[PDB]
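In structure tokens, one chain follows: the form deposited in one PDB entry.
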């Protein structure tokens, strides 16, 4: 059986993970949910523990910890280990009964848990793209030290790419390794994008789009931060950098393609020029499930893809004039060093300013550009602990610089 821990079990990734685990387990007993970890949602955690009966429970916020002890006494034939805070998270990662960990947490806590899962040589199903973009150098170093640890991508485009690779080759290497693309015979990547709500808009219309325009008309219902990133196409920009780090693909060999139907999730061109792609209805359960079953697949009862009903698939080039965030992401990635850390941090501020109606659409890319131009390349620390501190310092500096630029103009 596959022993799995879910970090952030009441978030979107976590709930989708538990839903597909539930459905697959009805078909055949495949998964043992060993651990659940949430921030502060005691009642939701209790209800999950009542169904999945994990050996470990953990909650971050200590003011709801004692409530969790009293609630789980209601569950018959069940004596779980009930833990708190960052210290519980570490004991879960070191537990020898856990093989795979789904990281469904954003920001620093996602990176911190990822770090501990890798230190304990686990398979890490990673759905936090910002951690790869910001701390890719640190994750690469850590994965070279902890040779049995693996990152398996959950982001849909990256899962699609991963699914297009031959496991006879993949098993000779692992994600984030130097030479991954060479071993897998990868020549080039088509990174598919929905395009967001603004593909048909003129430059003059883009000047005055609001956060309500981005959030009120979604194709896909998702969180506010990623919804804004989808609108500016900075989501895809971040995903270009994620692609480079995960698969060791040069930036000149990564192409963003707008595919509004969201059936083809991305494609891999091999060195012979044959192209392989992965397809399904938009549904995060497939990428999540593959991350937990890889290198095998298991039966599901999901609706089969009806290609004749779909009927038409379309592809076009994104306009870099209309979506300058894409260009900025390529520029940062190509310049290398900590420019991706700077890009991610400045976007975090700009995205939130736009979300709260403080700035306009082209101010987002204007602020990010100015912060990138202000950054001086730094010698990359050889020491793992110094490197993490270097990444955090640069992240903090870039957020501050973005905010000062906003304050000056305001």
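So that the term is clear: the rigid core is the largest set of C-alpha atoms that superpose within 1.5 Å between two forms. Numbering follows the first chain given and starts at 1.
- The question of which stretch, 368-376 or 58-66, has the higher mean Cα B factor is settled in favour of 58-66.
- Of the two stretches examined, 130-138 and 246-254, the record assigns the greater average C-alpha temperature factor to 130-138.
- When the C-alpha B-factors of 297, 316, 221, 322 are read from the PDB record, the largest value belongs to 221.
- Out of 166, 91, 229, 269, the entry records its largest CA B-factor for 91.
- Residue 110: CA B factor in the highest third of modelled residues in this chain (values from the PDB entry).
- Split the chain's modelled residues into thirds by C-alpha temperature factor. Residue 353 is in the middle one.
- Compared with the other modelled residues of the chain, the Cα B-factor recorded for residue 100 ranks in the middle third.
- Among the modelled residues of its chain, residue 116 has a C-alpha B-factor that falls in the highest third according to the deposited record.
- Residue 276 sits in the lowest third of its chain by CA B factor, as recorded in the PDB entry.
The same protein also has a form deposited in another entry, omitted here; what follows describes it.
- After superposing the rigid core, the Cα of residue 109 is displaced by 2 Å or more between the shown form and the other one.
- Relative to the superposed core, residue 376 shifts its CA atom by less than 2 Å between the shown form and the other one.
- Here residue 78 counts as shifted, since its C-alpha moves by at least 2 Å between the shown form and the other one after the core is aligned.
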